[PDB]
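Only one chain is given next, in structure tokens, and it is the form deposited in one PDB entry.
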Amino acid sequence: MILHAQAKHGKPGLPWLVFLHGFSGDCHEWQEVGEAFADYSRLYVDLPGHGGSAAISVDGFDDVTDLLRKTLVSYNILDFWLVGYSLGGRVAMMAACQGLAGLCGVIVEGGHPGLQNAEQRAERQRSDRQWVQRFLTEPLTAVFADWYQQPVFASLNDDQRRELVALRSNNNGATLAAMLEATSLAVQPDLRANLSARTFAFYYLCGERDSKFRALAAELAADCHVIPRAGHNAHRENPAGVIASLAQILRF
């Protein structure tokens, strides 16, 4: 078993760009940005519980990393960057730190490096448990209307929220719930020390208007690219700015 993905072949010999969406996303998330890198090969992955990988269940990050490894092998990917947004950024950091053969660098957009005490982990465990129950029992248009009013999405306007609710409501609430619990920030290690000692290149992207993750990026041993006029999902709101940042990172 491998993850569902969409592959696009670029110039032979250039690295693959392996894109990981965020929670409730799917393999289309990064395509507006990724297809700008037409000379690279692109792998747009559906994480467990998401898109065409809905039926793939995992118990935690070890299982996700293993699935990612198998997927890369299946596509004959030998030399690649991992590019992850939010949950996908956390998956990317976990997989990179656990070890992926052929990884040359990681680019994380708004991915949390980990909580730092038991109180915070308990709070997140409880909060994620409440969302899990909502995803199991409520109309997804109602759940996502509240999802996109969380603080990390405060910066959005009403039009943006309406569009996102409509988009994300194409999803399986049960498999979203299973994945939300399995890869909850509550169960993630604090990766700051590991990221500091990294063998792989590590870059951070953050929307200008994403106050939480601008502060987090400052705690990290990475070059941080602040994306103008963008919130947490900076590549969605300012794709041209994210393409420019990715070009600076990749082509140097």
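Sequential numbering from 1, following the sequence displayed. Take the two forms, find the largest set of C-alpha atoms that superpose within 1.5 Å, and that set is the rigid core.
- Of the two stretches examined, 219-227 and 47-55, the record assigns the greater average C-alpha temperature factor to 219-227.
- Stretches 188-196 and 26-34 differ in mean C-alpha B factor, with the higher average recorded for 188-196.
- Out of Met179, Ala142, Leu156, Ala122, it is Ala122 whose C-alpha atom has the highest B-factor in the PDB entry.
- Split the chain's modelled residues into thirds by C-alpha temperature factor. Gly99 is in the highest one.
- In this PDB entry, the Cα temperature factor of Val83 sits in the bottom third of its chain's modelled residues, the lowest group.
- Among the modelled residues of its chain, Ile243 has a C-alpha B-factor that falls in the highest third according to the deposited record.
- In the PDB entry, a CA B factor belonging to the lowest third of its chain's modelled residues is recorded for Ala92.
- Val106: CA B factor in the middle third of modelled residues in this chain (values from the PDB entry).
Separately, the form deposited in another entry exists; it is not shown, and the next lines address it.
- Core superposition between the shown form and the other one leaves every listed residue (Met94, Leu140, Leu87, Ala178) with a C-alpha shift below 2 angstroms except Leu140.
- Once both forms are fitted on their core, the CA shift for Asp128 between the shown form and the other one remains under 2 Å.
- Fitting the two forms on the rigid core leaves the C-alpha of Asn76 displaced by under 2 angstroms between the shown form and the other one.
- The two forms, fitted on the rigid core, differ between the shown form and the other one by 2 Å or more at the CA of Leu156.
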